[PDB]
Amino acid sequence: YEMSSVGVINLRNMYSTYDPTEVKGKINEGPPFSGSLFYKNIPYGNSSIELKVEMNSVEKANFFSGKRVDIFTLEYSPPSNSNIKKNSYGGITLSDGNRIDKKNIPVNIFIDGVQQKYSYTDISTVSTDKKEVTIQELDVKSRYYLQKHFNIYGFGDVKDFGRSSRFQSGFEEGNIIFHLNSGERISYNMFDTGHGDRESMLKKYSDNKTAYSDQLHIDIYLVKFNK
């Protein structure tokens, strides 16, 4: 299955365990490199890594350059290697004045329009310590909660929904919706494997899209697999 359906396995592995790359209050090293910013000496794996954070525009990299930021991101292997250098997309928010005590984001989970249990009193409850937070951070936290409690990507402990889909789960269709106060709806297909590789699935996050953490709710619409 890994040889001939790698996208399913890569997507599964992206969100099934919770180990985001996080830095608090750091400044990038040297000037920006077009759309990218470098952060040195981040604890990782067997030692440390230099993290190259890419955004979708020179304007964005320039904006954050020389400012303290928090990073919350999913990294990938770049573009050769080594093991002490990793790449990522977006995940950056200004540090100064952005800290708050954990704020839970309102979350609704549906299966074919039928609301499901969701706990606000857990460690993995979707929350953030940031006034302005990236959609990437909320997506990572939400999909981890989903895998933990609904086994959407397969091979988890929850057997309630079966295992018949192409993800060896109850599901192979559904969107996560970030409803901003503005009326803007950001919608991602939760079962999109992109071009099969990890990087292709992370590129969406290059927009570094943010929301205020008390100015959105998250709706998760799963479609139960029949067949």
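Numbers follow the displayed sequence, beginning with 1.
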With respect to the recorded C-alpha B factors, which stretch has the higher mean value, 127-135 or 85-93? 85-93
Mean C-alpha temperature factor, higher of 33-41 and 61-69: 33-41
Can you tell me which of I27, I176, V158, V53 has the highest Cα temperature factor in the record? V158
Can you pull the Cα B-factors for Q147, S77, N104, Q116 from the entry and say which is highest? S77
For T210, the third of its chain into which the C-alpha B factor falls: lowest
Third of the chain's Cα B-factor distribution that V6 belongs to, per the entry: highest
Record-listed C-alpha B factor of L216: chain third: middle
